[PDB]
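Presented as structure tokens, the chain that follows is alone, the form deposited in one PDB entry.
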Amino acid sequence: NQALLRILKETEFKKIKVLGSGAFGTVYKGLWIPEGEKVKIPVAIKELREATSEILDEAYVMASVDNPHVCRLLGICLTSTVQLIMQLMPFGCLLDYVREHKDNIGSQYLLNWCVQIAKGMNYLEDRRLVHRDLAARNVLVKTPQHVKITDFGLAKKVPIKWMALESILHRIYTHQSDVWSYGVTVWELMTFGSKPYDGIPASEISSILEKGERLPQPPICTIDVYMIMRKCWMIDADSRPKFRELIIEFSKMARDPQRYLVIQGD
């Protein structure tokens, strides 16, 4: 379906402010002004490094993602470089959000985020799509009660500390290895943005995983919640929970939020 992806001219969008920078490229805050519309849509713009060699085929797939908890590719600008246009999420990423609001985040917010992230991942799995880079930094906040998974499709700088053990050792990526990354993302949220395995070099992560060591229990987590994270990090990938079951588990817990998370002043 070609029309779901808009091909933009360079005159249609302007870059206003830098939001983040890395080896991938740069993400800008900008404005999209389609020619005959007289509207100014706030957008985020990611300019990829020059190719030196297909990604339009992946762009159409990213444009067809149709779920309230996964970011959709709004448009693409094809020159020597490739620039991706998406809706601006005005509250930033969930990683920065839980760090800045570490004092006043209730259990209902946290468990609802876990549900929405699982809903987005379950949608991707039903489309037979693997994300490969699920992390708290890659969950964006449209509104505090509405989050979206971003950066889907960029895979087609290794995020070792979020990867399943079989991804580190065998470079095997499946939906069950996404579940492992989901467990680390939830651990990031429950610790209000702590760095996983802080201090340990990335070259030693596969070793400590092989010895049975996992991320510690967050203090606000009852054992009921922590055992869900623990099951996401089982070596046998098929034993890990499925995103379908994670939606059901966290939905039941979001109905009685104080029973499952112990937060000061909740």
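Under this definition, the rigid core comprises the largest set of C-alpha atoms superposing within 1.5 Å between the forms. Note that residue numbering follows the sequence shown and begins at 1.
In what follows, reference is made to the form deposited in another entry, a form of this protein that is not presented.
- With the rigid core aligned between this form and the one not shown, the listed residues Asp198, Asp238, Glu37, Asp66 include just one Cα displaced by at least 2 Å, namely that of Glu37.
- Once you line up the core between this form and the one not shown, the Cα of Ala23 ends up 2 Å or more from where it was.
- In that other deposited form, the CA atoms of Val65 and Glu37 sit farther apart than in the displayed form, by at least 3 angstroms.
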